[PDB]
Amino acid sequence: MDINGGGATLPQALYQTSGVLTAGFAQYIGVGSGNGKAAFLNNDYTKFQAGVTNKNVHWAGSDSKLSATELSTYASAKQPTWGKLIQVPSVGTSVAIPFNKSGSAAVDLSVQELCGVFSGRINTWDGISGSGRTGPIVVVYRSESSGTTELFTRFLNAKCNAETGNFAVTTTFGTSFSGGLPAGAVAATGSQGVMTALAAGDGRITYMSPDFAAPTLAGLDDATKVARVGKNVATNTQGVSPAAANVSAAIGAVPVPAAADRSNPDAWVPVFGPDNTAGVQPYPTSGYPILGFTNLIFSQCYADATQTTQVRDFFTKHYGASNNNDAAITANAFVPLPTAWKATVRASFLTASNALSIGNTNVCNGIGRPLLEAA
């Protein structure tokens, strides 16, 4: 009885790379982070495959953090019989800004231009300085509850202080900005669906997984297709590309989860946010500025012993010091976690004596998510 996961589309090509998921894992199903969280929290496989009810959900990928309500509801309704959920970072990621507007000149957005494009204040390619381009801008955004939206709106919320309105942190872009969507904005579903829409009319721009924002990794450095971010004309400063190398130092500087807080799943997912605000990492001053984590949601406990062992073997690979998934992570435009981070994940969720460890024979005694599906 295969282990079923799915959710976030941002990293789906990583989880679909041969060998990244270990024995017993079904192929990952990309449906969006909102759908992934709902699939896991409610054990609702229809959130993975519409119309299919004869399988259980064992894990999810999400780039949206579990909310206080999601966590409390699971704790009261499910944890007594299924065990604690586990929420852990998988990889670090940039958020790229691909666009469809030809021209040899490099497109390099200042942060304030980025803000203005996504608020609708800047609605022509003329309004991006040095762009070599003219004509209308059409914003494409995610129709559904998206972790890419969450990662991106965290940045807009932290940086966009000079609009006619404010950006809220959300999974639904269509309501992020208090002043509405830009006129003419186009909604699409999934990372891939947005990329298809980006190509379906001239002058379109979006926010996107770095794995989908260009067909090849080097394409992230093609500023005729993927905008640089961080221009400051006053200082004669160029922006840079969303290549993983331009966010890796910042990812690597993020503190491991605080020891005393490790029983709280919320404590495990670092988020970036406003400057000089405890609890959130400031966006980096160097390199590429728009980044965050994509995460995994598992149970500590599975009723079935084989499924439990299979989940542990995946963690042993994904968080291993050796024989790990880091090459595949890089190949999909993402940032591996550092040694210390991997060691911290293992210490809590693998090492047997830890109260948090998957399959702990005391904690998980008699409990766990169920083998058989029953409706």
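So that there is no doubt, residue numbering starts at 1 and follows the sequence shown.
Looking at mean Cα B-factors across 228-236 and 67-75, the upper value is held by 228-236. Comparing 292-300 with 76-84, the higher mean C-alpha B-factor in the PDB entry belongs to 76-84. When the C-alpha B-factors of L10, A355, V20, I367 are read from the PDB record, the largest value belongs to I367. In the PDB entry, the Cα temperature factor peaks, among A340, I329, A38, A60, at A340. In the deposited entry, the Cα temperature factor of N323 places it in the highest third of its chain's modelled residues. In this PDB entry, the Cα temperature factor of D275 sits in the top third of its chain's modelled residues, the highest group. When the CA B factors of the chain's modelled residues are split into thirds, the value for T308 lands in the lowest one. Split the chain's modelled residues into thirds by C-alpha temperature factor. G116 is in the middle one. Ranked by C-alpha B-factor against the other modelled residues of its chain, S143 falls in the middle third.
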